[PDB]
Structures are given as structure tokens and as C-alpha cells.
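What follows is a set of notes on a single structure, which appears directly below.
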12 protein chains.
Amino acid sequence: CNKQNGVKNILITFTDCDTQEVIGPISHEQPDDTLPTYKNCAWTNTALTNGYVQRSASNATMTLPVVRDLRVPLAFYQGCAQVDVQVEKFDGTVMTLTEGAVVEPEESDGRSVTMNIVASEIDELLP
Amino acid sequence: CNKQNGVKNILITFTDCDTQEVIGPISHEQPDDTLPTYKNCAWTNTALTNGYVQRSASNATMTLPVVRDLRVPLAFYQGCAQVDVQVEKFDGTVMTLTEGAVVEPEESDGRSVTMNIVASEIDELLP
Amino acid sequence: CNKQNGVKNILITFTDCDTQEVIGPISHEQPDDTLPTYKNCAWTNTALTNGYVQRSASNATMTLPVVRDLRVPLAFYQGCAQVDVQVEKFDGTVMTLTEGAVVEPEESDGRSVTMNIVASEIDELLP
Amino acid sequence: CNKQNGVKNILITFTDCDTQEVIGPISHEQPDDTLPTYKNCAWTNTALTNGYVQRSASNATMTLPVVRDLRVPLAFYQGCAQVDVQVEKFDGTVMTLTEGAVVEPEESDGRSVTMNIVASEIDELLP
Amino acid sequence: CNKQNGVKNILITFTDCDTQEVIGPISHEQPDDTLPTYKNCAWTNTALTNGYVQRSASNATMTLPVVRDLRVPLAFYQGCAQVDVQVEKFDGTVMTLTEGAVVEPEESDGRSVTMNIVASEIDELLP
Amino acid sequence: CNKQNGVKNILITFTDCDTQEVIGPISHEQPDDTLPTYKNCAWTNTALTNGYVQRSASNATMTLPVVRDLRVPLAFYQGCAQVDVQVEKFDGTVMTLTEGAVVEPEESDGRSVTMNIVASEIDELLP
Amino acid sequence: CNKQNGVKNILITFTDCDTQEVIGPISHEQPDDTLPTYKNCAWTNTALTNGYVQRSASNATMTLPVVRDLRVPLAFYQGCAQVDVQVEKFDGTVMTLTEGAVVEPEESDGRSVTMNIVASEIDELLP
Amino acid sequence: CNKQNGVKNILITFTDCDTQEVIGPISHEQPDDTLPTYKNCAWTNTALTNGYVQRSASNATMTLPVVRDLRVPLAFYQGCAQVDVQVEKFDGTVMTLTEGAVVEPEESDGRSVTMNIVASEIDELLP
Amino acid sequence: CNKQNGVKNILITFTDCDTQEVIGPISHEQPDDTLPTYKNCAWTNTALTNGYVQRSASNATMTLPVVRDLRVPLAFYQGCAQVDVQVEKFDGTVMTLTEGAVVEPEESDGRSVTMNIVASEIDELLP
Amino acid sequence: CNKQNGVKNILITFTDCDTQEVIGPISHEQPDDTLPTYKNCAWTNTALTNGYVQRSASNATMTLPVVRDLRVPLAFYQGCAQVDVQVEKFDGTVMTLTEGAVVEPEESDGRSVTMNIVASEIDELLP
Amino acid sequence: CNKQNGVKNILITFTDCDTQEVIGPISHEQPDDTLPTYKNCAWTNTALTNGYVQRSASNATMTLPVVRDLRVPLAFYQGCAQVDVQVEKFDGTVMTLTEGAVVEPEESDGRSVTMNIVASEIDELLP
Amino acid sequence: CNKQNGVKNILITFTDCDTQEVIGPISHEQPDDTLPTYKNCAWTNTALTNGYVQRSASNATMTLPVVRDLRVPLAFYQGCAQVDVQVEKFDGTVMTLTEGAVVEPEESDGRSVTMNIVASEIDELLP
């Protein structure tokens, strides 16, 4: 009742990079039991000798598999439009992503798409 | 009755790149339960630092596995002829592909072919 | 009775590349349920930007796994001799390959060989 | 949606150096993911002792790889005609080059040309 | 009762690399049956000829999969903060890691994170 | 079907510089996926200060890699005879080269030769 | 009774490359149901354009997994000694290999070794 | 937490060599994981016989790759303006460069520029 | 009773490479059913044309997975100390390894370590 | 069977330049898959302005990599003796070279030598 | 345990060429697996005809890549100060270099410097 | 067993050019799989017009990479002493070099040295 590891709402606000047409927020449903993966830290460390690391700038990757909404063209899930993802988990965790961009669009069978979203920062409510 | 994830008709119009002989449209049947994958967006983004991406021009890939029609030579499914694919799913989604070209022909056992179609754009009816 | 996906006769005519000794045609039996794969088109397209492709010349690959005939030395199935393969499927499809050459000979346990045949063209009866 | 590193329009206006026939502007497409390189400064400094430099006059080099337009002869991309390049990037950056001249024409396979353009100045919109 | 191969307490003390805010120690729970892997030796040998090796300096890698604590932001598990890990196994083995740094942050579904910790030395109680 | 970047026919007419024996036209096949490079402009510009160039007379270089025809001696591909190359691409582009001369003959393994052809002008059909 | 695909006798004659001590022939037993793979042809063809191949000289590889004989040191199965393998299958096929050399010795658990034997020629009785 | 090899702030103060318009300081972001290289010593020794060297006066080179700020024209990164670079690394190292001058401007794709800065001296905080 | 393929005693004598503290011999237990792999030959042959090989000097690799002894620090199993391994199998085979060195230390969960030992020679009792 | 790009026999007749001792013909084997390169034309053209060339006298270079025959001293492959090379390819092409001279002897590991042969003319059978 | 190819201690004593301030000895750590290269001989021979050489005086070059110590300014590693390097390898080899001078200072990213040290002589302990 | 391309013994006899102290012969081990290159001919031909060559006197270069013997100072491998190299390969080839001289000493990491030996003649046993 308090210890449920799962997503509850995926509110995505699409905006076309060219026409700047804001479509959203539109709730989405997961296609399977796999949960969206996150990476909040924007600095990717690398391994060096004797415990040293190289703090290099990187992105806040977010892999969000969702069922494509029939009202939304499939192109918007594959880099053709910016995504403003707002995922709230069952345990209260809410992470708002703003001005994301699908970097590596992979083939989708028309219903279940998988986004590899990239943004400068990923917020977190942390209940 | 409204929530069926599957293809209904695959109307492909083959035209030989050399002789310009238009053969089609010819309905095709799926060889298994795997559905055709799509990628409508023609711009493939790439991951860069701190949320930036590089909008690079690319193609609208479409992987369409179909049962080869006995009336059509197998060469037409392996780059020897342009394909005009018109796939209509069970939920009303219809995506017309025009002037495609099989880029990476793989070996087919004579019945089940798998096309990796490449076109400048993939339309979508989006019911 | 008309919709059987399988091979019926594999008539291979071996000729030694050096001695020019034509041995064949000799019917062959499949070692398992895997069917011979084909690629009739001799031009392998490659993916480029926004729907363009590069028509490059290539070969008509044919992967034919057969049970090695005890009357034929195993070397003939591994590039030591040209193969003239003539495969007729159960649905009437007959594809004649002439002057092939096994390009990548892999190890065979003495009974089941797998040829990766390469020829300039693969004909097709197409019933 | 605002942080896309890529070109959007490449409007080139060719004019033959001899006949003074102005052909253009004609939008061009990039052949790959490599972006056009620029050098706005027309004074190339050189390294000297203890922090001093020699301000020497030079050109505003611009390396612009584009897909050759079928309506335009390939000679115009290889020094035979002046180019008036007008590149607008995805982030609003627009740089107008006037009266350029391809200085080092390299071999092109007929589709993808690479110009090494030289002009006295390269403007910049700088959004 | 003495021969139990498993972890008992994972006391991690996070400190932000930027703000130097020390949060911890906070006990953590394993997400599955996989145990944390260790490598105490900071010199990674390499294979050479006839039994010789090249003693090269390296790090004391420690792969620690833990359930992310809801009180701690997920960024701290992905390189955004130094980790002071103190793992005590069931058989008395206690290994204190100080001033570690997650080098390769991978995507986590919000509950189960996997750290690839790097430190100059890994102590060991060795009961 | 219209956007194929590749060569279709390479009709070369060899004539011996000494005996004036015209052998050709003889169609040739490409040895790999690399396409013939061209340079139609016969004036090679050079970079000077502040946007100026030096229009200097040069040649219309054409690098044409072809499979040597067994009926033709290999010497004819290495400067021993004038070449009249007539390459027609898949997109309709046809460029006729007359009275060329291989300037830098490089070693060929007996099958795949690479000509560095030099002529005063390279025509272009430009469909 | 005539159609048994399996090995019957593996008579290997080891001779040390240094001391020239000929130990053998010693019959060997297979460790599992996997049969020795062979490749009699000493010329490995490679795929080229439009049906052409490059006849390149190679070896007659033979992968022979056998149970190591307790009377023979394990080093002899891992390149330390030449092997004269003489395998006779159940269907009468007998292939004599002379002056072989294990090229890639892999780790063996002390009982089941796997040799990757290389020889200039592999004979065949071919009943 | 103390052993991070990376840059934190790159405060560059541009001033136009002609108009003397001081623009800055403006923080910059690295385009990749490559760190700015430095050379503090202004005397470049040269190798001579038997351990002797020739102390010759030189510059304090600094190669600083940064993401070009959209508010700043690209010319300022390519010698058109003096740069006052102030780089502070993650380990406390801060090196102030004053009155630098980009000596060898190379082509930049509009976002990621690479400066080869030359100054009489490079200071160092050395924590 | 005579045909048991398994290890009986693994007597390892650790000596620290730095302090030269000889700890051992200490019997070890296998963590699973996988047996230690060996390679006695110190010359690794490589495949060449038509049956020739290149005798190149190499090491006598030995992969020994053992349960780490609680009295021994885990670092000694990961290159921090030389190992003198003495494995006696159930069938009488005893192979003494002297002055080994773990070359590629991999992560161990604290109980089951896997050594990739390298030594100039591996002896063998060969009952 | 007719389209094999490879060498079959390399009959080289060595004669010492000093002692005039004719040793040969001795068949040679290729050390790898690289084929001998040829250049039959003895006149090397050079590029000039507007399609003109300078017919300059040169040699008929032939790069022939062969496995050194143990009966022949290695010096004969490195300029110490004249070579009379007679290479016959698999497709019938036979090119006889007479009174050649290795001009640039490079280091050979004792087995695989590479000759850069120079002769006034290279004949060709041209089947 | 005796056959470890690697460095153990790099004791460098810096002294400023101008102020004569002796800072050191300060132990240094290698930044990667590359070992310091040496050249003890101070006479560099040159190749002449028929086995003769020209004994010419030169230096004892030593390329020593080390991690720059935070207590030492980076200028001292780039010719601004004399270095007294004392490297002791793992196998007992200790080579003392006195009054060296970095001749060719290259750019360092602030942590890993590479010195090209030049001295009249390089001693060697040679255990 | 007879076709092993590799070295077996490298007996080098060092003698100091100054003190005339003969140290050797001392067997050496190869550091990797690269074999010593040789050039027996002492006359280096050069390419001239129409098949003529210029017989010019040169040296018998021998590149011998060996593991430096700990009993021998590293200077002896870098021109400080004459080398009397005696390499015997696995196939019986033995080449004695007398009064050699390392001409171009390159940096060695203390274990693996590479000599560029020059002598008036290189003998050969030629089994």
C-alpha cells in the first residue's frame, strides 16, 4: 500500500520542433512490466588510476517506454518533437523532465514506442 | 473490438528500378506474430553534452516482414525493385510509404522475406 | 497439398576448379528443418540520407545446408569445386544456380555441410 | 526543441564567373551528419615569442558539404561559378556568405560535393 | 549459522561533491539475491610473455547494487555525490570504502540502483 | 527507384597512343562500392588574402575504379593507351570524357584497376 | 546399421616438436556427443562482386575434441607437439591428417581437450 | 569528492582588438570529455648534445575547447578578439590567462570551437 | 573409483609481492562444479597459410576458481600477491604452479573468487 | 570455376648478379591473401594543364609477396640476384617478367618476403 | 612476484633554473599503463655504407609520464625547472637521472604530464 | 613439427666499444609475437628508367626485438656496445651477425628493447 514499485501517471507534453505546436499533456500507459529508467546526474564520471575520476559533462538520460496515443502521430515519439515528460511513480516519486529530445529513435510496431530522452536536468519530487 | 494491435492489409506496389514495370498493389500476409516496425521521423537526433542534440538528416526506416507472393519474383523483395508499401493496422492506423528501396537484403527461405525499407517520408492516417 | 513450405529436390552438379571433372547432378537431403536461404538480387542497396540509396554491385548469395553425399569428397562442399545448384521447392519454386563458388567454408562434422554459395545470378521458375 | 545543433536550410545562389548567369537560390541537403565548418575572422594570427602575435590578412573559410542538386551542373560546385551561400542552423544562427569562390575543388562521386569556400567576410545573424 | 554468504548492513554516507553536504550513514537493502562484487587490489596486472606481468596502477572497483532510499535523491547514486560505503557481510567480513565515486552511472528504474564505485583503497576487516 | 546513387554503365573506348588501335566501347563493372569521383571544372582556384583567388588553368580529373576486362591488356589501364570514358549513373547523370590519359598508374592486382584520368573537359548530361 | 553418424576410432600420433619423441598411435574417446569438424579444402574463397571470388591459400582446419589420455601430458594437446590424427567414422569415412599443429590452445579442465588442428592437407578414404 | 579531474568554470572575457569592446566574463561549457591543455612555461627548451639545452623564449600555449555562447559572435573565438580566459578545475586548480590571442583559428561547426590561445604568462592558483 | 573427473586438493601458497610474506599452503574448496582449466604449453601457435604456424612465446595460463579462505585477505586473490598453486585431481593428476601472478582480477562477491593465473611453466605429475 | 581472382603458380628463376648462377624455376606460395600488384606500362604519365600529359620513360613495377623457399638464401629476394618471375593467375592470366631487379629491399621475418621488382617490360598472356 | 614489469617509485627533485629553489624529492604516480621509456647511451650511431656507423655525441633521453603533484606548479614539468628523476622499477631496476631538462614541453590537461627529459647520463642499478 | 615460423634461440654477444669487455653469449627471449626482420643483401638497388637499377653499397640491416636481460645494462642495447647476434629459427634457419652496431637507439621501457642492427654481412645456415 506504500511499497509499490511502479509508475502511475506519465504526462507527456509534445511540442513540434518546427511548428512549435504544443500538444499535451497526454497521459500514457506502459506497454509491459518494464519501468522507465532514469539518470538524474548530468556529469558522467570515468574511471582513472588509483581512485581518481574525470568529471565530464553529459546529459540526464531517461528511457521511457509508453503506449503511443492514437491521437498523437508516431513521429513525435521519435525525435520529431520535443517531449516534456512528467512521470509520477506509485510511491510518490515525481520527476519532471523539460525540453527533452529523443536522440536515438528505434523502430516501433505502431503501439509500443521506447524513447531515449535527453535533457539538461531531471527534477525529482522525492516524497 | 477496437483495441486490436495488428496489421490487416499490406498493399505493396512493386516497380522494377530498371524496366519500370509496375506490379501491384498485391496484398501480403504476415509470416508470424511479429508486426512491422516503423520510424516516421526523417531526422535522427544524436546525444550531446548537457541536453543538446544534433539534428541530422536521415531516412524513414520501415521493417516489413511479409510472406512472399508466389506471383512475384523473390528479387523484388531484396532491392531489385522499388516498393510502394501501404500498411493498414487493425485500429485504423494506415501508413503509406512511397518510392521505398530495400537497402539491406537478407537471405529469405523462399516464403518469408523481411524488408528493411527506406523512404524519404512515411505518411500516417492516424484515425 | 499446395501450401507446403519445404524443399523437394536439391540437384547439385560439382565440377572441380582444377581438374574440371564434372560430378553430378546428385540429389541431396536436408540435415534438419532449416530451409536454404536465397538472395536473387545482385545489387545490394545501402542506406543514405532522406530516402536515397547507393546501388552497389554485389552477388546472389545462397546458403544451402545439405547432407554430404558419401560418394562425393567433403572438399567439394568447401570451395574446392564449383557447384551448380538446382533447388526445387514443394510449391513449384525452382531456382537454378550456375557456376557458384563456396566463399566461406566452415567446419562440417562429416555429414551435414553448410554452403555459402556465391553466383552472379540466381534464376527462379516462379510457378 | 531549442538546443538542436544542426543545419536547416542551405540556400546557395550560383553565378557563373564567365557568363554571369545567376542560378539560385537553391536549397541543399546535407549528405551525412557532418556539419559545415566556418571561420568568420578574416585575420589569421600566428604564434610568436612571449605572447606576441602577427595579425596577417586572410580569408573567411567555409567548408560546406552538400548534396549536389540534379538541376545544377557539378562544375558549379568546384570553382567554375561563384557561390552565395546562406546557411541557417536549427538554433537560429544564420550566416550569409557573398561572392565566395571554391578554391580547392576535390573529387566528388556525383552526389555529395564538399566545397572549400573562400570569401572576404562571413556575416552572422546570432539570434 | 556461521557459513552464510550474504550481506547484512550497507551503511553508505553520501556527500555532495559540490555543496559538501554529508548525508549518512543510511542503511540500504539489496534489491535481489546478487551480492556486491569487490576488488581490493589497486594494481591490475596484465598478461605478458612466458609468465611475466606488467604491474600497472588501477582502482579498487566495487559494484554495489542497493535499493535507493526514498529520503535520498537518485542523483547521489549516479556520480553526483561521493559515497562512503561500509558493507558488513554475514560471516563477519566488513569492508570500508572511503571517498568513492560512481564512474559509470547506468539507468535505474527509480528503486534498484547499481553503483560502479571506484576508490583508491578498499579496507577489509577479515574476521 | 529514382534516388539511387550508383553507376550503371561504364563504356570505355581504349585507343593505343602508338598504334592508334581503337578497342571499345567495352562495358566495365565496379570492383567495390566506391563510386568514380569527378571534377568537371578545368580551372583550379587557390586561396589568397581577404577573399581573393587565383584562377589557374588545370585539368578535369576523373578517378574511375573498374574491373579490368580480360579481353583488354592491363597496360591500357595504366597510361599505355588513351581512354574515352562514358559513365552513366543510375539517376540519369551521364558524363562523357574524351581523349583522357591515365597520369599516375598505380599497381593493380590484375583484376581491379584504378585510373586517375585527366582530360581537358568532362561533359555532363544532367537529366 | 549403415547410417550411423559418429566417430569410431581417433588414432593420434603425438611427436614433440623439440625432442622429436614420437608417442602414438593412441586411441582416444570423445568427451560428449559433439563430433569433430573438418575442412579439407586448403583454399579459402572470399566473396567479391557479381559472383567473383578470390582463391586465397589457407589451411585444412580440423577441430577434434577428445578425452585426454592419462599416459600423455596435457601439453601435447595444446601446441607443444605435432599431432598425426587419424579419425575413422562409423560410416567408413577415414581422414588421415599428418604433421598437424594445434594453433589456438584453449584451457582444458584436465580431461576434455579441444584441438584446433591445422595441416596442409586432410586426406579422406570416402568409402 | 576531491580527486575529480575535470573543469568546473570557464570564465572568458572577450575584448575586440579593434573596437576595444569588453564582452564578459561569460561562463562556457565543454563540448566533450576532452579537457583544456596548458603550458605554463614561457621558455621552450630544445635538445642539444650530451645533456645541454637551448633556453629559447616562447609562449604559454593554452588549447581551450568550449561550446560557443550564442550571445557571442563566432569570430571572437577565432582571433578577432582578445580572450581573458579563467579556468577553474574541479580539484581547485585555477589558471588565469590575460590578454591571450587565438593564433591558429580552425573551422568550427558553429557550436564547438577550439581555441589555440597564446599569452605571455599563465598564472596558477595551485590549491 | 578410478574414473572421477574432479579436483581433490588445491594447496595455494600466497606471498605478498611487496612485503614478501609467505602465507600458505592453504587448502581451498571449489565454489561450484566447474573445474580449473589449464594450459601447460608456453608457446601459443597461430594459424598461417597451407599448414604453417608461427611458434610464439606465451604463458601457461591457469584459471582456478576457489572459495576464498576467510583467513586470507581478498586482495591476495586479485594480483596483490604471488600464488603458488598445487592442484591434485581425483585421478592422480597433480600440477604444481610456481610464482604465478593473477593478471586480470575480476570482481568477486567476497566468497567465490576466480583467478586467471599466469606462470612461465605448469608442471604435471601425470600418474 | 572461371571467376577466381587469385594466383596459382609463381615460378621464379633466380640468377646471382655476380656469379651468374641460375637457380630456378622454383614455385612459390603466397604468405597471405594479398595478390601481387603489377604495372605493365613502362611510360609513366604526369598531370599537366588542361588535359595535357608528359609521357616520361619509367619501369614496369611488380610487387610480388611470396613465401621464401628454404632452399634459396634470403639474400636473393632482396636485390642480391636477378629474378625471372612467371606468375599465372587462376583465370588464365600469365605474365612473364624477365631480368627483374629488386630495387627497394625491405626487412623480412625470414619466411614472408615482399619484392618490389623492376623490369623493362612485363608480358601478359591475356587468355 | 619477481617478474613484474612496472614502476614502483618515481622520486623527482625539482629545482627552479632561476631561483634555484630545490623542491623534492616528491613521489609521483603513473597516469596510465604506459611505462617510462629510457635511453642510457649518450652516443647515437647513424647508419652508413657496408656496416660502418658514425658515433655522434647525443643525450640520454628519458620520457617520463607522471601525474602532476598538486603541491607543485605545472610549469616545473614543462622546462621551467631542472628535474632530478629517480625511477625504481618493480624488478629492482633503479635509474637515477641528474640535472635533467624538459626539452619539448607539450600541453598537459592539468593532471597527466609527459616529460621528455634530457641529461648527459642515466645511471642504472641493474639488480 | 617442421613448418613452425618462429625464433628459438637468440644468442647475443655484447662487447663494449670502449672497454672491449666481451659479455656473452646470452640467450634472449622475444617480448611479443613479432619476429626479427632481416636483410642479408648489402647492396641496395634503386629504381631507374626502363628497368635499369643503380647498385649502391649499403648495410645488412637486422631489426631484433628482444627482452633485455637483467644481467646486462640497458645501454648495451642502444649503441653503447657492439652486438654479435646469432638467431636460430624453428625451421633450422640460423643467421650469424658479427660486429653489429645499433644505429638508431629508440626509447625502451626497461624490459623490451628493439635493436636496429647494422653489419657488413649477415650469414645464413639455410638448412
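Every chain in the C-alpha cells takes a letter, A first, then B, and so on in the order presented; its residues are numbered from 1, and the ligands are numbered from 1 following the presented order.
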I need the residues of stretch 7-123 of chain I that end up classed as helix (DSSP H, G or I) by DSSP on the backbone, written out as a VMD selection string. chain I and resid 49 to 51 74 to 77
Write a file of the just-selected residues containing C-alpha atoms, as a PDB file, in the first residue's frame.
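The resulting part_14.pdb:
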ATOM      1  CA  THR I  49      48.779 -20.399 -44.800  1.00  0.00           C
ATOM      2  CA  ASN I  50      48.847 -24.035 -46.025  1.00  0.00           C
ATOM      3  CA  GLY I  51      49.541 -25.709 -42.705  1.00  0.00           C
ATOM      4  CA  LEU I  74      40.621 -10.986  -0.681  1.00  0.00           C
ATOM      5  CA  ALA I  75      43.329  -8.813  -2.259  1.00  0.00           C
ATOM      6  CA  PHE I  76      45.714 -11.781  -2.462  1.00  0.00           C
ATOM      7  CA  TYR I  77      43.356 -13.454  -4.957  1.00  0.00           C
TER       8      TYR I  77
END
Spatial neighbours of stretch 56-69 of chain K, max dist 7 Å, only C-alpha atoms, sep filter under 3 positions, as number ranges by chain: H: 49-51; K: 28-31, 36-45, 72, 74, 111-122
Contacts of residue C:94 within 6 Å, only C-alpha atoms, excl. fewer than 2 positions in-chain, as a JSON list (two decimals) with C-alpha atoms, in the first residue's frame:
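So the final result, stored in selection24.json, reads:
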[["chain", "number", "residue", "atom", "x", "y", "z"],
["C", 87, "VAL", "CA", 16.74, -26.46, -55.80],
["C", 88, "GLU", "CA", 13.05, -27.18, -56.39],
["C", 124, "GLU", "CA", 13.69, -18.63, -60.47],
["C", 125, "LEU", "CA", 10.91, -20.68, -62.05]]
Work out how far atom CA of residue B:13 is from atom CA of residue B:25, in Å to one decimal.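 Between atom CA of residue B:25 and atom CA of residue B:13 the gap is 4.3 Å.
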Can you pull out every residue from chain H that DSSP, working from the backbone, puts in strand (DSSP E), and format the result as a ChimeraX atom specification? /H:7-16,22-28,37-38,43-44,56-57,60-67,81-89,94-96,101-102,112-119
Distance limit 10 Å, atoms considered: only C-alpha atoms. Which chain H residues sit that close to chain E? Return them as an MDAnalysis selection string. chainID H and resid 1:4 90
What's the separation between atom CA of residue B:84 and atom CA of residue B:21, in Å to one decimal place? 12.9 Å
